[PDB]
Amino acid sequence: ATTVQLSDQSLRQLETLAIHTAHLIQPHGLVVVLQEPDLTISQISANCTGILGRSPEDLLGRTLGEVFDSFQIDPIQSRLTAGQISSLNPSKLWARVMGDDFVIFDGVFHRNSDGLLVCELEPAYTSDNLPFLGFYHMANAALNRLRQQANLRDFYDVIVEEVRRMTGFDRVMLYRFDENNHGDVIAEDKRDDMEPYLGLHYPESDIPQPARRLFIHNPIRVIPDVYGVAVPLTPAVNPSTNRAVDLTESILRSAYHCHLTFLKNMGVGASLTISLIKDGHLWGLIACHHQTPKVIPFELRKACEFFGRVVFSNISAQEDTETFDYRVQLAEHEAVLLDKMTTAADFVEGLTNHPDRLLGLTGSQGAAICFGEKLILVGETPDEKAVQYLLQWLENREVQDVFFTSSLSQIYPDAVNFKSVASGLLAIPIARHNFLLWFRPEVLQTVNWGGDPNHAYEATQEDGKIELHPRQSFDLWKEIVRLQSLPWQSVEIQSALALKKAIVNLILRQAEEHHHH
């Protein structure tokens, strides 16, 4: 009711939101919390009335066998084991309703963080319309081709194309988290009449810390009907804990209202989201949208997850391989320089005679060799005077092992005047008083924000309670990044460091030879 300016309180409310203990359940399925070994129903979603014709009053304190028939759930005397649970997934359960009616579910069990058994019953449309056993062969062929020859981009595209082929989703995206946990849509496959989100960048707050954390424990989220009105667990608290049941790993947990409102604003009728995890860190999501409601049965979700994770394993290997390959390319430059340096009369002469190697060593476009009295400028550099003032600035600030920046202007303001040749600077001190410098030009870089980063959500405060809402503007923002070079890669800096080392060895060997001899 009261429009609240975006605050520190509204941001730390967002990052601490207890979404995992929400008690609201998506209305197409039943959640039953079960006390072992009898499988006594201790909580049940209130949609049991409409689905089963039996109220929570009729069901709480009954055993699961009194409510459902099944083939595979026997009465056993101790708590269900992890292996037992995973083999129950999914299992057919059915109830006889009104009189002349089967209602058939596929049930999926898990034990939550506090040891409570949770059973989730999704309607079984036996096997009605979404095969993937055959589509697995097309997905496998696609992966096989990538493994023959591919860029990283080809892997991204295969994930989105094959998940969309298998599922029939109107839109499938690959969403990658960056260093600040902003998101980038790095691949997309969608209907031709839908607008592209490919290349769009989103604030960290769109998928906040509790949502990201959830995806580390729970690989898959599905919402088959965004407009489904959520129903409560009854009671809202678990009888044995007296507290809300932890639904981190729940299929049928209804999403936090603000995310639902976000999807509704976007015209999304159904979604499927699968996480890609590396070394316990959330790397990204396969994010699928449909414009209308859409059921994705458990086996199909698991097939998409299996394929996506096998492709992702191949993406890690591809990233590591490209890094190695680039290091090897740079090692050639290093080796040629060391060969010519130690062969020349004077080692600076060796360097100057091989400028494409010297520049190639760090992926750069200009360089300066400053040794003793001489200053040699190679490739595209600032003019001699500017380099001298820059050298002087580097000398006056306590000599690190290396200085590098991809936007020199914002720590050295006079660099605005040579932004077209040296927005980027890599400076290595050699024997204290000397320097090798490498230079890179401005490259304009555009961040295509999918919403306003400075107005990333909406907050209201009623009765002391802060409420948070998705942003109401659909405008796009492009941030045009200027005075910035391409970034320095770790292997380029290491290659530069390796040249420094080789020069230092030369100087020491020459000092040792003019002592001994």
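Each residue number is its position in the shown sequence, starting from 1.
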(request) Give the stretch, out of 75 to 83 and 336 to 344, with the larger mean C-alpha temperature factor in the deposited entry. (result) 75 to 83
(request) Would you determine, from the values in the PDB entry, which of 456 to 464 and 43 to 51 has the greater average C-alpha temperature factor? (result) 456 to 464
(message) In terms of recorded Cα temperature factor, pick the maximum from 395, 184, 188, 325.
(response) 395
(message) Given 138, 282, 229, 370, identify the residue with the highest C-alpha B factor in the PDB entry.
(response) 370
(request) Check where residue 109 lands among this chain's C-alpha B-factors and tell me if it's the lowest, middle or highest third. (result) middle
(request) Within this chain's modelled residues, let me know which third the CA B factor of residue 288 belongs to: lowest, middle or highest. (result) lowest
(request) Determine, from the deposited record, the chain-internal third of the Cα B-factor for residue 413: lowest, middle or highest. (result) highest
(request) Determine, from the deposited record, the chain-internal third of the Cα B-factor for residue 217: lowest, middle or highest. (result) middle
(request) Could you look up the Cα B-factor of residue 294 in the entry and say which third of the chain it sits in: lowest, middle or highest? (result) middle
